[PDB]
file model_6.cif (mmCIF, C-alpha atoms and all ligand atoms)
data_structure
#
loop_
_atom_site.label_atom_id
_atom_site.label_comp_id
_atom_site.auth_asym_id
_atom_site.auth_seq_id
_atom_site.Cartn_x
_atom_site.Cartn_y
_atom_site.Cartn_z
CA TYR A 1 -88.12 -73.05 1.08
CA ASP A 2 -87.11 -69.39 0.48
CA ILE A 3 -83.58 -69.63 -1.07
CA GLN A 4 -82.91 -65.94 -0.28
CA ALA A 5 -84.07 -65.82 3.38
CA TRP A 6 -80.59 -66.47 4.77
CA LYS A 7 -79.35 -62.97 3.93
CA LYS A 8 -81.68 -61.01 6.22
CA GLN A 9 -81.31 -63.76 8.85
CA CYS A 10 -77.52 -63.18 8.70
CA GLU A 11 -77.96 -59.39 8.86
CA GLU A 12 -80.02 -59.76 12.04
CA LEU A 13 -77.57 -62.22 13.60
CA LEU A 14 -74.72 -59.74 12.84
CA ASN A 15 -76.78 -56.99 14.57
CA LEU A 16 -77.08 -59.22 17.67
CA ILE A 17 -73.32 -59.95 17.54
CA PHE A 18 -72.49 -56.21 17.35
CA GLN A 19 -74.73 -55.57 20.45
CA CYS A 20 -72.89 -58.31 22.36
CA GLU A 21 -70.01 -56.97 24.48
CA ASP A 22 -68.03 -60.10 23.63
CA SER A 23 -67.74 -58.92 19.99
CA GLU A 24 -65.72 -55.76 20.91
CA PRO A 25 -62.25 -57.16 19.97
CA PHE A 26 -63.61 -58.44 16.65
CA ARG A 27 -65.73 -55.57 15.28
CA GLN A 28 -62.94 -54.08 13.15
CA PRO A 29 -59.67 -55.43 11.67
CA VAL A 30 -56.96 -56.18 14.30
CA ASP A 31 -54.79 -53.06 14.81
CA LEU A 32 -51.39 -53.87 13.39
CA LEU A 33 -49.93 -50.88 15.38
CA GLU A 34 -51.05 -52.51 18.66
CA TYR A 35 -50.31 -56.12 17.60
CA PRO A 36 -46.95 -56.93 15.99
CA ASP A 37 -47.11 -60.76 16.06
CA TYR A 38 -50.25 -60.26 13.92
CA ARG A 39 -49.49 -60.72 10.19
CA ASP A 40 -46.53 -62.99 11.00
CA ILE A 41 -48.96 -65.57 12.46
CA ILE A 42 -52.32 -64.73 10.74
CA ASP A 43 -52.47 -65.19 6.99
CA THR A 44 -56.05 -64.05 6.47
CA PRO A 45 -57.36 -61.40 8.79
CA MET A 46 -61.11 -61.26 9.30
CA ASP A 47 -63.49 -59.24 11.44
CA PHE A 48 -67.25 -58.62 11.74
CA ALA A 49 -67.29 -55.29 9.87
CA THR A 50 -65.64 -57.06 6.89
CA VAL A 51 -68.25 -59.83 7.08
CA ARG A 52 -71.11 -57.30 7.25
CA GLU A 53 -69.70 -55.27 4.33
CA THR A 54 -69.20 -58.44 2.20
CA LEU A 55 -72.81 -59.42 2.88
CA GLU A 56 -74.15 -55.92 2.15
CA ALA A 57 -72.14 -55.75 -1.10
CA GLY A 58 -73.87 -58.90 -2.36
CA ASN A 59 -70.55 -60.75 -2.25
CA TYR A 60 -71.71 -63.86 -0.39
CA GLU A 61 -73.63 -66.40 -2.48
CA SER A 62 -74.66 -68.57 0.50
CA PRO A 63 -74.70 -68.53 4.31
CA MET A 64 -71.97 -71.26 4.25
CA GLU A 65 -69.54 -68.67 2.82
CA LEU A 66 -70.47 -66.16 5.57
CA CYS A 67 -70.06 -68.93 8.18
CA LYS A 68 -66.59 -69.75 6.85
CA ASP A 69 -65.51 -66.10 7.34
CA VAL A 70 -67.04 -65.84 10.85
CA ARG A 71 -65.29 -69.10 11.81
CA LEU A 72 -62.02 -67.55 10.55
CA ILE A 73 -62.47 -64.69 13.08
CA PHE A 74 -62.54 -67.32 15.82
CA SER A 75 -59.71 -69.48 14.48
CA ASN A 76 -57.51 -66.34 14.08
CA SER A 77 -58.21 -65.45 17.71
CA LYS A 78 -57.25 -69.00 18.80
CA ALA A 79 -54.06 -68.97 16.69
CA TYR A 80 -52.96 -65.52 17.96
CA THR A 81 -53.70 -66.06 21.65
CA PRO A 82 -50.66 -66.55 23.90
CA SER A 83 -52.89 -68.49 26.34
CA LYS A 84 -56.21 -70.38 26.39
CA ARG A 85 -57.06 -68.21 29.44
CA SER A 86 -56.52 -64.85 27.66
CA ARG A 87 -59.31 -62.25 27.74
CA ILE A 88 -59.80 -61.83 23.97
CA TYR A 89 -59.71 -65.57 23.31
CA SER A 90 -62.18 -66.22 26.16
CA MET A 91 -64.55 -63.65 24.60
CA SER A 92 -64.15 -65.42 21.22
CA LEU A 93 -65.20 -68.77 22.69
CA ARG A 94 -68.44 -67.37 24.12
CA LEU A 95 -69.17 -65.45 20.96
CA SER A 96 -68.48 -68.55 18.86
CA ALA A 97 -70.96 -70.59 20.94
CA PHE A 98 -73.61 -67.88 20.48
CA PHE A 99 -72.90 -67.69 16.73
CA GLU A 100 -73.03 -71.49 16.21
CA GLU A 101 -76.28 -71.72 18.21
CA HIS A 102 -77.91 -69.13 15.93
CA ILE A 103 -76.38 -70.04 12.51
CA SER A 104 -77.46 -73.68 12.66
CA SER A 105 -81.08 -73.03 11.57
CA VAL A 106 -79.94 -70.53 8.93
CA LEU A 107 -77.74 -73.15 7.30
CA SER A 108 -80.34 -75.93 7.65
CA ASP A 109 -83.12 -73.81 6.13
CA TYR A 110 -80.95 -72.67 3.22
CA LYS A 111 -79.74 -76.22 2.43
CA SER A 112 -83.32 -77.52 2.64
CA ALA A 113 -84.58 -74.72 0.36
CA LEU A 114 -81.90 -75.51 -2.21
CA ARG A 115 -82.67 -79.23 -2.10
CA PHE A 116 -86.37 -78.37 -2.68
CA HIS A 117 -85.42 -76.09 -5.57
CA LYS A 118 -83.35 -78.81 -7.22
CA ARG A 119 -85.93 -81.63 -6.58
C1 LIG B 201 -59.47 -54.10 16.43
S1 LIG B 201 -58.22 -54.06 17.57
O1 LIG B 201 -58.50 -52.93 18.37
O2 LIG B 201 -56.95 -54.16 16.95
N1 LIG B 201 -58.46 -55.37 18.48
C2 LIG B 201 -58.01 -56.68 18.04
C3 LIG B 201 -57.95 -57.64 19.22
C4 LIG B 201 -57.49 -58.94 18.66
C5 LIG B 201 -56.12 -59.20 18.62
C6 LIG B 201 -55.68 -60.39 18.10
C7 LIG B 201 -56.62 -61.32 17.63
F1 LIG B 201 -56.17 -62.44 17.06
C8 LIG B 201 -58.01 -61.08 17.67
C9 LIG B 201 -58.44 -59.87 18.20
#

call {"tool": "encode", "arguments": {"input": "model_6.cif", "output": "structure tokens", "more": "lines below"}}
Ligand SMILES: CS(=O)(=O)NCCc1ccc(F)cc1
result
Amino acid sequence: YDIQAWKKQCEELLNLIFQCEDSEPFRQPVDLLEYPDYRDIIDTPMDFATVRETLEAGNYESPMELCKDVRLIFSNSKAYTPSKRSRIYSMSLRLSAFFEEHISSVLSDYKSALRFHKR
């Protein structure tokens, strides 16, 4: 029932994501010099360095907010892809599965801790 435990759990999951080769296209903001269809199709860019810096700045109140930003990395990749078979999009699907598999307990524990706090 530790209401704060999610933050270090998210830091460690981000470390695992950065070690994963599938995170390479998503570690830093998309290069607008390399990708021109970018801001015309993506309204809210997101990447893992931005997520890590928001977390480290104390600018996430809950792991749900972090999850929303990580899910935006994946939905931006899906919206920008010219094909479901593209390399970057295929990497995003595997990385998303890995992320969802690991964030599930973080979210469950935090929501349970908050329910206990408010009992
Ligand atoms: C940091 S980068 O060197 O510009 N690589 C970005 C690859 C990418 C391009 C479009 C997307 F929707 C998602 C990822």

call {"tool": "atom_distance", "arguments": {"input": "model_6.cif", "atom1": "CA of residue 66 in chain A", "atom2": "atom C5 of ligand LIG 201 (chain B)"}}
result
20.6 Å

call {"tool": "residues_near_point", "arguments": {"input": "model_6.cif", "point": "(-67.0, -58.3, 10.4)", "cutoff": "8 Å", "atoms": "only C-alpha atoms", "output": "list in words"}}
result
residues 26, 27, 28, 29, 46, 47, 48, 49, 50, 51, 52, 53 and 70 of chain A

call {"tool": "axis_aligned_box", "arguments": {"input": "model_6.cif", "around": "ligand LIG 201 (chain B)", "padding_each_side": "6 Å", "output": "lines of an AutoDock Vina configuration file"}}
result
center_x = -57.6
center_y = -57.7
center_z = 17.8
size_x = 15.8
size_y = 21.5
size_z = 14.8

call {"tool": "closest_atom_pairs", "arguments": {"input": "model_6.cif", "of": "chain A", "to": "ligand LIG 201 (chain B)", "cutoff": "9 Å", "atoms": "only C-alpha atoms and all ligand atoms", "output": "CSV"}}
result
residue,atom,partner,partner_atom,distance
A:24,CA,B:LIG201,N1,7.7
A:25,CA,B:LIG201,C3,4.4
A:26,CA,B:LIG201,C9,5.6
A:27,CA,B:LIG201,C1,6.5
A:28,CA,B:LIG201,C1,4.8
A:29,CA,B:LIG201,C1,4.9
A:30,CA,B:LIG201,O2,3.3
A:31,CA,B:LIG201,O2,3.2
A:32,CA,B:LIG201,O2,6.6
A:33,CA,B:LIG201,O2,7.9
A:34,CA,B:LIG201,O2,6.4
A:35,CA,B:LIG201,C5,6.7
A:37,CA,B:LIG201,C6,8.8
A:38,CA,B:LIG201,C6,6.9
A:42,CA,B:LIG201,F1,7.7
A:45,CA,B:LIG201,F1,8.4
A:46,CA,B:LIG201,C8,8.9
A:47,CA,B:LIG201,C1,8.2
A:73,CA,B:LIG201,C8,7.3
A:74,CA,B:LIG201,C8,7.9
A:75,CA,B:LIG201,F1,8.3
A:76,CA,B:LIG201,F1,5.1
A:77,CA,B:LIG201,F1,3.7
A:78,CA,B:LIG201,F1,6.9
A:79,CA,B:LIG201,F1,6.9
A:80,CA,B:LIG201,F1,4.5
A:81,CA,B:LIG201,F1,6.3
A:88,CA,B:LIG201,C9,6.2
A:89,CA,B:LIG201,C8,7.4
A:92,CA,B:LIG201,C8,8.3

call {"tool": "residues_around", "arguments": {"input": "model_6.cif", "residues": "residue 102 in chain A", "least_positions_apart": "6", "cutoff": "12 Å", "atoms": "all atoms listed in the file", "output": "VMD selection string"}}
result
chain A and resid 6 9 to 10 12 to 14 16 to 17 67 95 to 96 108

call {"tool": "atom_distance", "arguments": {"input": "model_6.cif", "atom1": "CA of residue 69 in chain A", "atom2": "CA of residue 97 in chain A"}}
result
15.3 Å

call {"tool": "atom_distance", "arguments": {"input": "model_6.cif", "atom1": "CA of residue 105 in chain A", "atom2": "CA of residue 63 in chain A"}}
result
10.7 Å

call {"tool": "closest_residue", "arguments": {"input": "model_6.cif", "among": "A:56, A:99, A:118, A:68", "to": "residue 8 in chain A", "atoms": "only C-alpha atoms"}}
result
A:56

call {"tool": "residues_around", "arguments": {"input": "model_6.cif", "residues": "residue 107 in chain A", "least_positions_apart": "4", "cutoff": "7 Å", "atoms": "only C-alpha atoms", "output": "NGL selection string"}}
result
:A and (63-64 or 103 or 111)

call {"tool": "closest_residue", "arguments": {"input": "model_6.cif", "among": "A:112, A:83, A:62, A:19", "to": "residue 1 in chain A", "atoms": "all atoms listed in the file"}}
result
A:112
